[PDB]
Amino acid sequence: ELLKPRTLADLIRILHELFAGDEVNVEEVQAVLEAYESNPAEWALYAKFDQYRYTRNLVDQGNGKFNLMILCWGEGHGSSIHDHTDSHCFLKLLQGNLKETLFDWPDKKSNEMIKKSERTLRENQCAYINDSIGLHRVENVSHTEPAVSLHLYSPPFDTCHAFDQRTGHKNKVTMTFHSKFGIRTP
């Protein structure tokens, strides 16, 4: 029984219900994320930016079942091309816009990774990715507007791979949290 989340706190409560079991109804999770109307006052505590790159701000650890985090993208900040470590990954825009570029998994042959598609994710929209869909890069291409996004990963993961667009070669990278539960974590 999916009801509209009234607030971020209500969304979190609903997510704990949707992840109470061992499987994930992706379409329901995506729908409830989309239905939460971003309210900046509710997530200001987590919106901690860094001047030089995007930050990852942990909001909730789920039932051990998921990481819910807010990513804060300064103007021009973007990610590597990366995978999602065999997890579901949902990305909902809370403020601004992000460009998502999709790539196929590289072949063993060292070649340039050519994008398969791109799209512009707009405020309140929720995208979904997993490794079977492909790899992606997420960018705030704005020169004037920060972006803020709400990400949910299940199962949680703390490492992923970055892919070199020139060759397809990958390297393992550990996620660092800029803050946890509103507290800066140097």
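So that there is no doubt, residue numbering starts at 1 and follows the sequence shown.
Remark: stretch with higher mean C-alpha B factor among 12-20 and 174-182 is 174-182.
Of the two segments examined, 99-107 and 70-78, it is 99-107 that shows the higher average Cα temperature factor in the deposited entry. Between the residues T55, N140, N63, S149, it is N63 that shows the highest Cα B-factor in the PDB record. The PDB entry assigns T159 a C-alpha temperature factor belonging to the highest third of its chain's modelled residues. In this PDB entry, the Cα temperature factor of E112 sits in the top third of its chain's modelled residues, the highest group. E118: CA B factor lies in the highest third for its chain, per the PDB record. In the PDB entry, a CA B factor belonging to the highest third of its chain's modelled residues is recorded for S132.
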